Structures are given as C-alpha cells and as structure tokens.
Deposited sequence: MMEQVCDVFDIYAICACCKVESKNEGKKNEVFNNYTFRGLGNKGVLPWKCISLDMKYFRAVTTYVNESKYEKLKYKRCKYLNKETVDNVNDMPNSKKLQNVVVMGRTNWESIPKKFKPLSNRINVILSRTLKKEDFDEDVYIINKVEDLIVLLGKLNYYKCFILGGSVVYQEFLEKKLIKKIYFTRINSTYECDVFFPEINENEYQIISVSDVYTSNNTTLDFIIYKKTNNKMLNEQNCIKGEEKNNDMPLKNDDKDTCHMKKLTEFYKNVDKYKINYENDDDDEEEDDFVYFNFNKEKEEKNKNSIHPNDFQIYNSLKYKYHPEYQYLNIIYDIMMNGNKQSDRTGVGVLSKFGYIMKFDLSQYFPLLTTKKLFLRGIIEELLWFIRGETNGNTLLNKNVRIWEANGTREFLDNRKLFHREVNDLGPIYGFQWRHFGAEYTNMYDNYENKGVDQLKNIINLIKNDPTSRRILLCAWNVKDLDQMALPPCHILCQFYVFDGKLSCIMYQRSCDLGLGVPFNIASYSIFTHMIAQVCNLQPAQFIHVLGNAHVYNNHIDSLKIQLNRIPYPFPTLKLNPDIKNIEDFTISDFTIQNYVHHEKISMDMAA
C-alpha cells in the first residue's frame, strides 16, 4: 500500500471550540479568518520545525531501495495554507515546498516550489524525487481528502488545551482506523497547556549481548492478565506526567505483595516510590477519570485555620473526615471521652500549635504551641537556603489522641532562583481513591505557600511509603490504565491574596480540565 512506501504523515495542532463530555474529538479547532485560532504558541511552532525538517540519512537507503522497487523532507500545503504564511519565510527554512491548488500554475513561483493539480498527481511527484518523509502541513480540506483516501500513516497531533474561536475543523479521526501510540510530556507555552501525541494507522552489538548476560537471574505473579492492559502496553512512548501515577498502579498490580489489612478487604502493597510533577508547566489533576476539588480545598482551608472540628466540614458537605469522627470509630480508637467529629490534635492543630495540650475542638489555643505554618513561611521569605523548612504533622506524643495518625507525615520546602519546590512524605497511600486527591491537595498547597512568599511554584515531589491498591479497586484501575491522559488543566489563584490565612473557596479556579468520565472505584 502507498502510505507505508512513500511515508505520508499528517502534522496538525487542534485547540478546543466554544454538562460537557470529552473525547479526542474535543480537540479540532484548526484555523480562523485564514490564520491560526491562537496568537502565538512558540513550543508547537518549534516542534513543527524539528519534525518537518529532521532527517536521518543512515536509514534513507532502506527507504530508497523499497521506494524504487515499486537530503530533505516533502511538505504539502493548500493555497489558503501556503498564503497565510508571513512572506519573509517562503520557502520554509530548507524544505521541498509543494502546494495542492486548482487555480495556480507552476510558472508564477520558483522551480523548487512544485505545484500539484489533484491528490492523485502527488504520488507522481514523489517517485521522481529524493526526500526523507512526506508531511501534510494541511488545511481543513487538504487533511479531509488525504485522510479519506487512506494516504496518511502516522499523524503528529498537537493537543492545545485552551478554547478559541474557529471557522475550520480537522476531521473526526476514525478510532477503528487510527489509534494513539505515543503521548509526550505536558508543557506550558504562551499561557496554555499542550501536549504532542502520535496516531498510527493499524495493521556495536557486542554490548547488546552483554545486556542479556547481565539479565541472567530474572524471575502470572498476581492473577492480572496480559490482554487487559492492551492499550497501556500498546503505547511505545508514555512521557505524559500522569503515567508516573498509572505506572505505580501497574507495578503494584503486576509485582505487589498480597496482604490482609485491618478492614480485611485485601490489598496489593509495595514500599517506596517517588512522583515529581512540574507545577510551572501544569496542574497535575488526573485526567483518566473525573476528580472534584471543592472538598479537598475546604480541607486545606480548615488545616490552615488550625481547626480539628469535623463539623465545620460536614455543614459544608465535605465528608472526607465523616467516618473518622463517628461515635463507633472514636470508640474503636479507645477515644470514649471525645465528642463526635472532634478529630483530636490532627494536621491543623499540629501546623498551628504543635506541642500545646489538646483539650477539646472548641478551646482557644491562640499563641500556644509552635505555629509551624507561620515559621516555614518566615524561613522561606527570610532564610530560603535553610534545609530546616519542614511542616511536620506526625507528633508522636499526640498520635493516640488523634482520630487517626496523619497519612501525610511532613512537607519539606526548597527555594532556588525565586522558585519553590515541595516534598510530601506519605506513610500510607491508597493509590485508587486517595493518592489522586493527595497529589492535588499538596500541589494547591505548594501554590498557596509559593504565592504568599512571592515565589513561582516549581516541583511537587510525592514520596509514597506503604503504597497499596485495594483488591476491590483492581477492575476499575484496569479500565483506567487503558485510558490515555489528556493534557492537564491549570490552577489560577486570586493574586490579591498575600497571607496564607486569607484564601477563601472563591480564590481557586481550575481551567481547561479535560477528563475521561467518572469511575466508581468500588
């Protein structure tokens, strides 16, 4: 077939167009009033250059022998495509430029800028040329025809995670025809998140042996099948940051230790992982299922206030600590003399009054115990190279008084070149229900500390101690692993807020959260 012999790849960038279900079709905005929908997106413009111009001559011979039996790249445009290009660069910095047109003759441009009559008249032009691969730069109509006639092999698709006004749309790529094989890292250019994905059409080596020898000792470990992680195992490059979470699910399903827990439900457990997310490039809110952030933002505002009063949350219908405050739960904790929803000296108490004697959840504790939250802020502002900027919730003295010991042991902060990174160490991590919320919680927190100290958020680093998947979560997570992440959304904080205690629920916006549908983890 033609499209494997000649190497015809499309290359596009699609934004979003003016509740809401998402799928790949979400991204389709191509152009508007003859120009791109967006002002300038220089990373995608840079990606464009690299992909179209790149050449590898050492693999061209293998192309030259197959192509005949039947150096630079070919780039195909349409008139309104060729036209919209600002003058001062045509032809495009050393590429074989080419235009599919009806009312243009090859006379009135160069002899390098080969015009074509119809789609069928391109195969003619290639068998007579010396080129690496063939990139359809496109236009609505150009893409429509080249796809309709199964001419395109791979598709270099840039997903622009922001909404614009559009007069022209990429066609609905048929998912039984084509399928995503690679997803890139997520990036911020020009005040939007984006990523780079790849649709394919469906069907010394001294040191290579030395590799095999070194593997001479390697070991259905857990009852988890091959055919079920199909989409997951059928991707080549999985560089989207959400794969950091998803790959831990995989490792614990594949290699996890079978264990009883207190409940009896059954878990697969491993011990010791890192996740790093770049807060300067995205907000890591998992896209492979719907997540809600009001509750966990109220939880955070509750901590910052120093509250241990489970009821302040329940009245706002944030039920994160409902189970941990019942008579039945406090009694099983031997807390027989503790009022319902009095969670004892937990996070907020420890952050604001570590070392103070806890009484009940209504006492006045002003200027009692160590106000760690205040202390790490001053340190961040006044001593940013300090290696002592920890917020610790694990107060050994008070553990038995807490409804439960803190799942999140401590935050450590780091400062370089007006940028703030944070490590949260989590002693116990429910990967299915908990961890996705936990990533979002401390990322927001990392932003909040960043803002009130006049620093840019850099890295949120999540250290997992006991990392467990509930046996009764495995079906749901199987469905989830075989979803492909979307580009992440962004967090906008109200910039007026300049002290850690002044954030209200209103001051938090999530933008461009493009997500798969909800999953009952149960």
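Going by the record, the unmodelled stretches of the deposited sequence, in order, are 1 to 3, 22 to 28, 81 to 97, 231 to 282, 299 to 302, 606 to 608.
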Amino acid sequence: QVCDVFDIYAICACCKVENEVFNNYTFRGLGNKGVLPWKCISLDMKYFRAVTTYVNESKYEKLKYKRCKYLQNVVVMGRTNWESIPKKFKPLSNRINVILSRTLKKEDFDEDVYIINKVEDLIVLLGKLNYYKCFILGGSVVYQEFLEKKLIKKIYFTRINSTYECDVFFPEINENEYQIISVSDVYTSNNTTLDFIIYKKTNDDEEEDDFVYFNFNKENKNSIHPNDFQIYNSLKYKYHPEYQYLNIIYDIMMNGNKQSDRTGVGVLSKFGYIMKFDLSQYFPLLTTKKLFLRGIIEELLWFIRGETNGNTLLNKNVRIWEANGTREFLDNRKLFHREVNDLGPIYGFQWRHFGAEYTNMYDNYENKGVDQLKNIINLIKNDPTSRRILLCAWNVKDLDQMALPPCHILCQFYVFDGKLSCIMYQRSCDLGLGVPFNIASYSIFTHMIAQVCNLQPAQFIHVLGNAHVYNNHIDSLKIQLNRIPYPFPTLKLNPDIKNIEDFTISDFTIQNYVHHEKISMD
From here on, numbers count along this sequence of modelled residues.
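Whichever C-alpha set is largest while still superposing within 1.5 Å between the two forms counts as the rigid core.
Between stretches 98 to 106 and 154 to 162, the one whose Cα atoms sit farther from the displayed model in 8 other deposited structures of this protein on average is 98 to 106 (core-aligned, root mean square). Comparing 226 to 234 with 107 to 115 by root mean square Cα distance to the shown form in 8 other deposited structures of this protein, with the rigid core used for the fit, gives 107 to 115 as the more displaced stretch.
In the record comparison, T192 is modelled in each of the other entries of this protein that model the residues flanking it, with no third of them omitting it. Across the other PDB entries of this protein whose models span the neighbouring residues, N203 goes unmodelled in a third or more. Look at the mean CA B-factor for 310 to 318 and for 101 to 109 in the entry; the higher one is 101 to 109. When the C-alpha B-factors of 22 to 30 and 449 to 457 are averaged, 22 to 30 comes out higher.
Ranking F329, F196, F89, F354 by the C-alpha B-factor listed in the PDB entry places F89 at the top. The maximum CA B-factor among the listed residues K289, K276, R262, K368, taken from the PDB record, is found at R262.
Per-chain ranking of the deposited C-alpha B factor places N203 in the highest third. The PDB entry assigns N222 a C-alpha temperature factor belonging to the highest third of its chain's modelled residues. Ranked within its chain, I41 lands in the middle third, by CA B factor from the PDB record. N73: CA B factor lies in the highest third for its chain, per the PDB record. Sorting the modelled residues of the chain by their CA temperature factor places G434 in the lowest third.
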